[PDB]
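# Residue-level structural notes
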Amino acid sequence: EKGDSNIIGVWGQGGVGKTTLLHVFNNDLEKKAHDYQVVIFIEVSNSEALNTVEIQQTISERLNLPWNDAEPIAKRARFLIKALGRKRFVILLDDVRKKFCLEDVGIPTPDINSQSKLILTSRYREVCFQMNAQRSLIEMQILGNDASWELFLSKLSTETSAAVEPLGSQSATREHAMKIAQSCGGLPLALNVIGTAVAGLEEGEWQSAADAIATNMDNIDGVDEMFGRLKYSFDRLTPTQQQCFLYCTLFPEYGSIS
Amino acid sequence: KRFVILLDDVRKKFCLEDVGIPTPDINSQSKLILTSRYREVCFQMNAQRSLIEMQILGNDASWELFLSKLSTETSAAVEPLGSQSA
Amino acid sequence: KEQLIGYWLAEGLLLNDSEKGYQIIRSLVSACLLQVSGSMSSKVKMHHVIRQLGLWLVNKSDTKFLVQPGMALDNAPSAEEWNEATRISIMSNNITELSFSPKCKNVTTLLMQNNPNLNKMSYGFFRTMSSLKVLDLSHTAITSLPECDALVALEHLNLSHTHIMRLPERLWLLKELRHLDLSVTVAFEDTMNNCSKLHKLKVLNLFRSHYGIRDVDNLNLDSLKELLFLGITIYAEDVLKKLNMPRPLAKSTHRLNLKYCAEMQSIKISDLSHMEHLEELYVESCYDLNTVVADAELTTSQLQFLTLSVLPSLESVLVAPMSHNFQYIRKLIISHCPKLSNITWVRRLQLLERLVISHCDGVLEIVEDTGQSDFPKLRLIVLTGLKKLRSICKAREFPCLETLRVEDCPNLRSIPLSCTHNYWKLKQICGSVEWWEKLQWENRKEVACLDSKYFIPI
Ligand SMILES: Nc1ncnc2c1ncn2[C@@H]1O[C@H](COP(=O)(O)OP(=O)(O)OP(=O)(O)O)[C@@H](O)[C@H]1O
């Protein structure tokens, strides 16, 4: 609302509430009163090759335009630039991974003379900077301890939740659960996967699960998809950068490196 | 609409929105019932606190079902009570 | 679960982690291939159809098994069948003697537990067992184990409940052994100073053994730095005092046993405070005992299994009221302790499930004269032969109580059972009809319902 710069970038680690933030913001735009005529949600993350046809189809569908198949891509881009130039649009680009020209796909770059705002999300500060968003950049902070604990409970069955929730009386089950939850570091994706894996845990196996999770998460079910989910941040780097990155795992846990 | 969708024998987690089924919420009156062989699949579908274990049949029900799979020629030599035969 | 994860760890299916075994068991539970079943969650059972499916898969698979457990076999299958399979299981059988020497190079797993008539086997039995990793001969009537110097891959051995006399000198030549359980051995005589010849033993167990570390002279386990689990049967004070020295071996006492102890008039958990892995505590025939001290010092160990046996001179056990080390106790058993007249501290055991008491002819009550019942997790209480036991305890809520058995307790006039509680988990009640009639009840509905639905007369 108050921002003088109309291109807003939101960045955070892999799997830390971003797309969810866009979903909640989009659903919350419904309640408030605003002068923005059209709200468009675009997922450019579907490719690193800039699948332009899909984005143009989404924009045309959300603008009530008649979609054509044989139309050349550049002509449709020009037509959409002209069309979106006559409306106040809020376009939520989701999970951009490489710089791409907004005009080439068909999205006009908003300026101070126009009332449109373009919100885009990315894992990389560099991508947000390349899109002229440098002075409206938001770092997605991870969840706090209380929010982490509240989320962790919601992924447990009532049978297991009954042995963890109670307060007043202190039992090792709650401490072990907290030790498991605090190992996730408030990352919502990690919290979801870990809680789902240990949803059906009994009272006996809290000790062993807490002992193992603190050291190796490899054996926990569903973690493979989690790592495949974020792996891409690693593969984007040149092998020198990748080798330097694994070097940082040498140092002790939860410390600090000069 | 208020829909009751009976997903049958799910074997892997799948996004309900991707196929086209909206995930029901407390603000909505729709109920989605799904079955699976695996506790993990049921937990992954945000069903952790409405989970039912399909118990096997009891002895009496087992015996009643077993008789229904026999011909009258054979059922006549098994059904009778009072007198005991091997 | 523990036996299965141990077998898997020895077999190499687990990467030196019992937690991965627990995770595999849990994954099998989630897929309904297995089922949890037992008084605790520690035990699992296999559905019959799923068992047949496993056998069908084995028959369709290349690695043939020879699985004939509990089939009432009086004669072991001929060595012809053994010669090709990879895992053999003839446990829980009734075989007497084993004569042939099979030529099985490929065998990796072998079980002979729960055979009461097995006492004699052919010598040179294990010459062909070059690929063996797991072997079990527990709950059998054998006396010695033949020459085993050819076990170049043995990792797990357990002779629990066996009348084993002496270990063979060939055992010390096996450097691949990791697990060695020798519990409930009422015929053991060999010296354990020879166990130092091993290098990579991870588990040792002499729990409730007829012979063990009687004095500090036999205490030579400090050589085995690869040990993480030790089971020790103690016969003298000096063993405990030498164990009361700071080193990882001392802290590795998960289960501790006392048998025929001399100069053990007293014992303190403060002396056991060095032990942070202590769970099981068993005392038997240690008459020299007078009193037991349970200090308020909350040692990091969480005691859950305690059992007392044959302690005529033991008078009382002091327990801290405000907080005690027994708050984690799961089961208590007291047997043959005539001079016990103070057990009231049991009322502070919130986590208590199972009780068996026999012939403790000095006890007045289990509990004599938080906002919750003292035994809400209670499941089982057993009394037998208590001449002076006036009652069990005051009326308390036992929502999960399942079984009760009392026989020959003339002084036991009343039991804490009442109709004010909810009853849907009770399954059976045992005892003598005469003592059943001799009991005094606060409501007659406690008589009719229990006597017609869950009473099993003797
Ligand atoms: N506040 C929250 N409460 C509960 N779950 C959350 C919250 N924020 C995010 N999540 C969970 O995070 C998971 C990953 O979605 P999210 O939108 O956070 O991803 P992301 O950080 O944008 O990932 P990517 O960069 O891979 O697209 C979802 O399953 C969602 O349930």
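Our structure's up above, just so we're on the same page.
One structure accompanies this document, and this report is about it.

Residues and elements named next belong to chain A. In a regular helix each residue adds 1.5 Å, so twelve residues correspond to 16 Å; helix 8 (residues 172-183) covers 17 Å between its end C-alpha atoms and thus fits that length. All of the buried residues in helix 8 are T173, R174, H176, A177, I180 and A181. Looking down the long axis of helix 8, one finds its buried residues gathered within 165° of arc, a one-sided arrangement. Close packing links the buried residues of helix 8 with helix 6 (145-153), helix 9 (188-197) and helix 10 (206-213). Immediately downstream of helix 8, the backbone of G185 shows phi near 65°, a positive value.

Below, the discussion takes up the sheet that holds strand 3 (residues 89-96) of chain A. Residues and elements named next belong to chain A. Spatially, 2-3-4-1-5 is the arrangement adopted by the five strands of the open sheet, whose pairing is parallel. For this open sheet the edge positions go to strand 2 (38-43) and strand 5 (137-139), each flanked by a neighbour on one side alone. Strand after strand, the sheet turns through a mean of 15° between neighbouring axes, direction not considered. Here strand 1 (residues 7-11) runs beside strand 4 (residues 117-122); their pairing, made up of five bridges, is parallel. The partner of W11 across the bridge, within strand 4, is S122. Relative to the sheet, helix 1 (residues 18-29) contacts strand 1, strand 2, strand 3 and strand 4, its axis offset from that of strand 3 by approximately 165°.

The next point concerns the interface of chain C and chain B. On the chain B side, the residues contacting the five residues of chain C number five residues. Both sides together, the interface formed by chain C and chain B hides about 390 Å², and carbon and sulfur atoms give 48% of it. Linking chain C with chain B are zero salt bridges. Applying the counting criterion to the chain C and chain B interface returns one residue pair in polar contact. Partitioning the side of chain C that touches chain B into residue classes produces three nonpolar, two polar and no charged.

Cut-offs applied
- Residues numbered from 1 in each chain as written, not as in the entry; some residues may be left out.
- Chains lettered and ligands numbered in written order.
- Part of a larger assembly, values for the part shown.
- Heavy atoms only, no water.
- Helix = DSSP H or I, 4+ residues; strand = E, 2+ residues; numbered from the N terminus.
- Expected span 1.5 Å × (residues − 1).
- Buried < 20%, exposed > 50% of the residue type's maximum accessible area, 1.4 Å probe, protein only.
- Arc of directions from axis to C-beta.
- Contact = heavy atoms within 4.5 Å.
- Pairing = 2+ DSSP bridges.
- Axes fitted to C-alpha atoms, helices over the stretch in contact; angles between N-to-C directions.
- Buried area = accessible area lost by both parts, 1.4 Å probe.
- Salt bridge = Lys/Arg side-chain N within 4 Å of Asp/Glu carboxyl O.
- Polar contact = N/O pair within 3.5 Å; in protein donor to acceptor, adjacent residues only side chain to side chain.
- Nonpolar A, V, L, I, M, F, W, Y, C, P; charged D, E, K, R; others polar.

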